[PDB]
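Listed next as structure tokens: two forms of one protein chain, kept apart as structure 1 and structure 2.
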Structure 1
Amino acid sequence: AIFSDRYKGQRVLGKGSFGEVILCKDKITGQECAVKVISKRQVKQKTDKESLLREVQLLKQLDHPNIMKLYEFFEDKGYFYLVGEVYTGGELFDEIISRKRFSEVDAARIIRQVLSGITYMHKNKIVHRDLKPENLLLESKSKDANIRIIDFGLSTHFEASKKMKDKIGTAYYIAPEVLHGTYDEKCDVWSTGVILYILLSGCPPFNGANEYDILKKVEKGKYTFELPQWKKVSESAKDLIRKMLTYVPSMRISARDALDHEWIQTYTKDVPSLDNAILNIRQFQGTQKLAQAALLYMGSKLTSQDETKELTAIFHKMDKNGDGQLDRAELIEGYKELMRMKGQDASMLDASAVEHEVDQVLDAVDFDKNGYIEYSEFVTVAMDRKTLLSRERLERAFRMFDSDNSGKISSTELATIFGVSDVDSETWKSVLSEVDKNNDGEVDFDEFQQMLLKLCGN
């Protein structure tokens, strides 16, 4: 069975752990699904084929309201196609920051759902290991929507990326025992404890100016509740967090036992709003998403340098007599040749999607698609479109982060952003000196963009 014989791509949702995720549709039944596409060249398997196939077969039979439903699995020479149920509510934290109030009742209802999901998967001997806020999706845009946990089962069968653009926001949530090599299902309880701590305070329990500093704190395992906003929080919530953030996993509370904890029993069956927490989460989230967007922008610029020259070289080879003109079918053949090697665009997984993409570029530049075309102009527009989309994505993240609409990001804020982005301190300061030549101690959007261009060799 071939994935593209059955499914057509609608639109790219985004890059998640291990691969890009595409909204797809069954060509016969019209069923919509969310397909995670793992490139075999970029991601290495940890287990054999026997093991992976059996896991998939088990997962397809499992069913729980707080776990993503898996429908199908496909494999070809280059990729794995993981076909799951599509959820439309987005990431939990993105919904949380938009609401006016947030209490321990809201938090307890959220955590009960997470613990219920984890409990169920643990009964079936499946461990997540990489549990974090971006793995908590809302089933729909409804106010009361269930949480659906994504990526259960993946870490067991695939090695994680070492690229920082993939490792953003991982260090806060990882259990200490995962760092040293001996771990079991209890690591998921630790990660949920970290998430709970953040839900109630808006600040990570283990924090630092860069990834390795965060990991050092995690490894020591020590945290406190001495921040002012913990005065608002019930002792039972702090007691549960303690039990989930117990260092020795054998002494740490199980997921199933946490469901029976006083705090869950009291607050899920009077309570003020955690206003300081929601403000801190908004800053946390904003900071995290801008760091991610920065890395993705820089990644997109490098992909463009690579793809522009490769696409030009492919068409040069095709252009036999060398007059620079190729027809639409040839442009498709060359663009296929390109996306064939590169694992960048997952929405270009079959010939039909490539035909469509080529037509969109020709329609943008007002070139007639039924005659011969100046390929060098096609390349420029095809790449400039991606450059523009990348620029616009970054800008939206910049505006989101700039919550007072000042138009600026301060040096203190840059340190925070670049710290999360794990860009070396003297490196970004060096680039800031290049861009900020009046010692303003702040950058507008274009200046920020220029700093990022200088941080990826431009």
Structure 2
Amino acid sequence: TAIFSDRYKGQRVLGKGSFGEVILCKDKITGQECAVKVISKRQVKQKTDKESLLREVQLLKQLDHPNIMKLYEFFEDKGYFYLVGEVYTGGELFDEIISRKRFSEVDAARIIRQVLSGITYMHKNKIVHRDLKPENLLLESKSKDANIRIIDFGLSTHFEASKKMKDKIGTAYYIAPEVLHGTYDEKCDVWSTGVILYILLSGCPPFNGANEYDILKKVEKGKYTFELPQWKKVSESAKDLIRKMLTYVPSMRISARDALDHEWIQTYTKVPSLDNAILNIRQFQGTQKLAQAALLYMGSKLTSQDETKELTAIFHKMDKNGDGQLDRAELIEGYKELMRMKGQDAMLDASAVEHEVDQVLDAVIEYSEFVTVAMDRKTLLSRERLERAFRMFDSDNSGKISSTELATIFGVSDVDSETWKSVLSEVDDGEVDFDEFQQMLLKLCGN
């Protein structure tokens, strides 16, 4: 079997996916850039056997559609699966919609026509997504209007979904009811697209709640309404397509193919701006991103504390003199031992570790000072994301967030109401600043 590291080298971390981290890699010969999703075998269980996974991979490598991410290669070692595909720099669909000033049904129809084209094509080839959500809709290029590429098509069938809340943020809104009860088919992707279409034209999820379970209850009942002021300026054909896409019984629900032939798609692809919808998508995107940043900040604080004591124990055993000092070569041997114990970090090969240790050695010799800098390079990346997400959420630049906004944020993060309210009283008038918010998250993860 071919080795991944011998062909590719890690350049930069693009982001965190559903089943693992996504790394920007470069071919060592041709120089071609690629986005590699690294799935850890220990953190992700396989729903299918080895031969069923290789057959789907082989089929996915031969598929080609302008609204589907291209899977180029597939590698596997003792503890990881590497899914190598094309790179896209346009960002997530909803991040582009919150930046523009005007957004109409013509833009919404042009978006959904692309999503339905990719889905129709993948359904004809017997591939189901199941976890279709705005985060999986990436724009091919950095433009106001760009080509949409759907990511992670077919992975759900072969990999078990994470139970960790940091990986489940913004999934409950889009999941089809039949997926929750076990019996589902490709029609679950039409439902998910119907939910995204509902959010594009109103900025509010059709099935909403104060927490993950309340949302899943609404989805399971399957009842929703077009009873919000913003729906008065939307066409009846757009409402008709949503009704056909959000039909409870999958056999009665419209197909992805028939959804392209619908009057709304045919009329609006061949109109007033929805201002209320843009404001609500801005608020929605800002709320989802602060909740994720909060969960990733708490996770990074626990991860750094685990690695701080582990790396201190590794350096203490290597220190023979007991003076507390080590050589540059010894620090590398200890850092390589940390990845040898917890597994390869998504730090692909030994060359990335020597440079990562050199970057710390240049900044910071006592190994106590090296431990602080080495570990702060991981925490300050998540803390900068937290402050940036807080600043973005704080759209009126008041410097604070209300108690109602905290309840909404902690609701999306799935932190019980009595737990955060108690933690606020320990640190701190119905509102908190960034430092107070950060202090609440630290107290919510044993600090």
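For clarity, a rigid core is taken as the largest C-alpha set superposing within 1.5 Å between two forms. All residue numbers here refer to structure 1's sequence, counted from 1.
With the core held fixed by superposition, the comparison between structure 1 and structure 2 singles out 321 as the only member of 250, 321, 224, 182 whose CA moves by at least 2 angstroms. Remark: with the core as the superposition reference, the CA shift of residue 309 between structure 1 and structure 2 stays below 2 Å.
Put the two forms on the same core and the Cα of residue 340 is off by 2 Å or more between structure 1 and structure 2. Taking the core as the reference frame, the CA atom of residue 379 shifts 1.1 angstrom between structure 1 and structure 2. On rigid-core superposition between structure 1 and structure 2, the C-alpha of residue 45 is found to move 0.3 angstrom.
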